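Throughout, protein chains are lettered first and strands after them, A, B, ... in sequence-line order, and every chain is numbered starting at 1. Values reported hereafter were calculated over all heavy atoms of this structure, with side chains retained and with hydrogens, waters and symmetry mates removed.
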Amino acid sequence: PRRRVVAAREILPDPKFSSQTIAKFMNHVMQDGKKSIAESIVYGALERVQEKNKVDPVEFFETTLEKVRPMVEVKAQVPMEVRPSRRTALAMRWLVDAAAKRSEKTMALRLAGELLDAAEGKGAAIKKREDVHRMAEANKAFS
Amino acid sequence: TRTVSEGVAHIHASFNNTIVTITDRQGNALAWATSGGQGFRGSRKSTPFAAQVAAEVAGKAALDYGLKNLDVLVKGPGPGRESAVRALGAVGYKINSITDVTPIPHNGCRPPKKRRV
Amino acid sequence: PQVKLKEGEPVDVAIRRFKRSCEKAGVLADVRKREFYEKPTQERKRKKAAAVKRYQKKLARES
RNA sequence: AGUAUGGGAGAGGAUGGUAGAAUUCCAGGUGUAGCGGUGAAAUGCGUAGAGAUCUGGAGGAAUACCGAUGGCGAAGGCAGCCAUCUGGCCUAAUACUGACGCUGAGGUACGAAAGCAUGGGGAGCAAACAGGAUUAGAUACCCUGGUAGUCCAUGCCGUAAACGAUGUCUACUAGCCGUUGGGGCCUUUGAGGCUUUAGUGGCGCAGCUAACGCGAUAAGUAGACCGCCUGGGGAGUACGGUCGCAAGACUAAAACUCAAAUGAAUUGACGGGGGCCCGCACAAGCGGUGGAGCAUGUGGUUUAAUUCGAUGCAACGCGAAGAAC
Ligand SMILES: [Mg+2]
Ligand SMILES: [Mg+2]
Ligand SMILES: [Mg+2]
Ligand SMILES: [Mg+2]
Ligand SMILES: [Mg+2]
Ligand SMILES: [Mg+2]
Ligand SMILES: [Mg+2]
Ligand SMILES: [Mg+2]
Ligand SMILES: [Mg+2]
Ligand SMILES: [Mg+2]
């Protein structure tokens, strides 16, 4: 805004696992206020991955989001360093967008699939991160 | 084939383009690159990035002759004059000195007329 | 300028010193001046304006 | 008011020589894909080798820095360095002439740039002109080339917002602060402080002015001489004459037409002037319209009639919160 700065909107942690990151991803997944269906999808994916490979769901999700998180951006065109909140937001948006275009029937198992793909290193979100890195390198000199 | 230990670098920076020519002593040419030639063919030829790319490619090409120390002479105005020496340092040349050689007439020939834009 | 560089002089600091030396020399302004021919009447008016501004600056400082 | 004698500052004028930087062109060396240009482009240049860098050569024109409401000259105007010829100005004392002065109708000399005649010269820039763009059109602004000219010698031309929009000369009328060239006086720490004179700038009392403003460099207070004006157009025009190779210049009307044309300043309004600031105005996000079927209103067509209103934002699920009779 022109005048003054608005404080960040506090988001209550996820009741089950007490993770603000999980709550933020859940809200990213939500559509039309259907929080119950979003919760079902996210908890189901976390439980599936935990059962498949024995790892703490919160730790694994944080580690994967770290890999998928970007590093640089360009603003209208001059490169700039992304802020921590925008980093996480872009990462989660990229994961959900790539899942939207994935070819599997459902969304929860199809989200777990992309989580494993990103953990391995090959995925649409990682490709988009590499593309933004390339474009930032191309416009590096400015600023 | 020829091997030389020391050389000079000339940066012709203008308002539309930047030329980087690496020569030996006595002015015999060894390599040359241009901001417009190294892609970026548009109004971006004058941007600092194109000059940096040109300097990088010129230095990489000139490394074949085993040049480790370079002297820098810079001519004229234009963005990208500073980027050339930075790119040379990045590629690894040790810059002995940097000097400016822009000509200054002592009220000689009449310049063109003023643009009315 | 002829900015001779020390053994451990970083390239960035060397370029900064070279820019400072060029700014002190003032070659860039001389190069700019000759881009287009300026008429004597315009030059005389510009110098008159410069002198008027300088005297006002001196009086303001003295005040 | 003028003269003799000692010193001082200066892009004052004329003639000749000379030095450095840079642009252009011409040969040679290295070397290979672009160069150049604009808001973006394109014309143009380059593989029979451009642009870039180095060496050598040719020629023209102008003199960076110093540089300064700094300097000089009647005005126009005068810029590197050196020599020759030459005008004026400032400054100290003494010594001379004894009103020898001011202005000036006619007349006469000088007089920017452009232009004209003869001969020479020509790097860069550039009227005209050609091509490429922009635009509805572009005879323009922008871009690529480019002739006269710009330069030199010898003459002509007599013009400019040739302006301080302020004719020359003389005397008098508070003060404060700079700066250029001289004279005089006093301190010392070797440079400073006071005065006076001739220039050149910034404020300002009185006074003047319609106002803005001027104010010892008057547009104040007075004197001497000259030039000029009498509403706006027609019109610095025609006729006649003079000058000029020509372009043109100078002197200079009338018929006719209108009630105005003007100066300074005051409020608003506006500016592709300057700025300052706000709003889901942008930006950052979520979901839509514009594509499909259907509902509803409108414009057009159609009809015997498709009853009448609302029309950018601010009319179009609007008057109508409800037409089968
Ligand atoms: Mg040009
Ligand atoms: Mg007289
Ligand atoms: Mg032209
Ligand atoms: Mg002569
Ligand atoms: Mg006249
Ligand atoms: Mg004049
Ligand atoms: Mg007059
Ligand atoms: Mg006449
Ligand atoms: Mg938006
Ligand atoms: Mg209307």
Peer 1: Can you run down the ring-ring contact (aromatic ring centres under 6.0 Å, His included) pairs that involve residues 47-69 of chain A, sequence neighbours left out, and say none if there aren't any?
Peer 2: A/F25-A/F61
Peer 1: At 10 degrees resolution, what angle do the end axes of the helix from D/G175-D/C203 to D/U187-D/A191 form when each is taken over five base pairs?
Peer 2: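 Inter-axis angle at the termini of the helix from D/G175-D/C203 to D/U187-D/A191: 10°.
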Peer 1: Might you list the N or O atoms of the protein lying below 3.5 Å from N or O atoms in nucleotides 281-284 of chain D, with each pair's distance?
Peer 2:
unit_1: D/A281; atom_1: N1; unit_2: A/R2; atom_2: NH2; d: 3.3
unit_1: D/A281; atom_1: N3; unit_2: A/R2; atom_2: NH2; d: 3.4
unit_1: D/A284; atom_1: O3'; unit_2: A/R86; atom_2: NH1; d: 3.4

Peer 1: Under the salt bridge (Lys or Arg N to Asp or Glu O under 4.0 Å) rule, collect the residues that match up with C/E38, sequence neighbours excluded.
Peer 2: C/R46
Peer 1: Give the residues of residues 16-35 of chain B touching RNA chain D, defined as any heavy atom closer than 4.0 Å, sorted by residue number.
Peer 2: B/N16, B/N17, B/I19, B/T21, B/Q26, B/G27, B/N28, B/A29, B/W32, B/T34
Peer 1: Do any of residues 131-143 of chain A sit with a heavy atom less than 4.0 Å from RNA chain D, and if so which?
Peer 2: none
Peer 1: Please give the distance between the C1' atoms of D/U63 and D/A123 as a whole number of Å.
Peer 2: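 That atom pair is separated by 16 Å.
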Peer 1: Shorter than 3.5 Å, N or O on both sides, protein versus nucleotides 123-128 of chain D: list them out with atom names.
Peer 2:
unit_1: D/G124; atom_1: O2'; unit_2: B/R110; atom_2: O; d: 2.7
unit_1: D/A127; atom_1: OP1; unit_2: B/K113; atom_2: NZ; d: 3.3

Peer 1: Taking only residues two or more places apart in sequence or in another chain, which ones pass salt bridge (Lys or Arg N to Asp or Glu O under 4.0 Å) with C/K39?
Peer 2: none
Peer 1: Would you jot down, in residue-number order, the residues of residues 64-94 of chain B having a non-hydrogen atom under 4.0 Å from RNA chain D?
Peer 2: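 Of all residues in residues 64-94 of chain B, the ones placing a heavy atom under 4.0 Å from RNA chain D are B/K75.
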Peer 1: Sequence neighbours excluded, which residues qualify as salt bridge (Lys or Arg N to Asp or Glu O under 4.0 Å) partners of A/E120?
Peer 2: none
Peer 1: Would D/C45 and D/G34 qualify as a Watson-Crick or G-U pair, given that each of the two distances needs to be less than 3.5 Å?
Peer 2: yes
Peer 1: Look for any protein N or O under 3.5 Å of an N or O in nucleotides 271-274 of chain D and output each such pair with its distance, or none.
Peer 2:
none

Peer 1: What are the atom names and distances for every N/O pair under 3.5 Å that joins the protein to nucleotides 63-67 of chain D?
Peer 2:
unit_1: D/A64; atom_1: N7; unit_2: B/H106; atom_2: ND1; d: 3.3

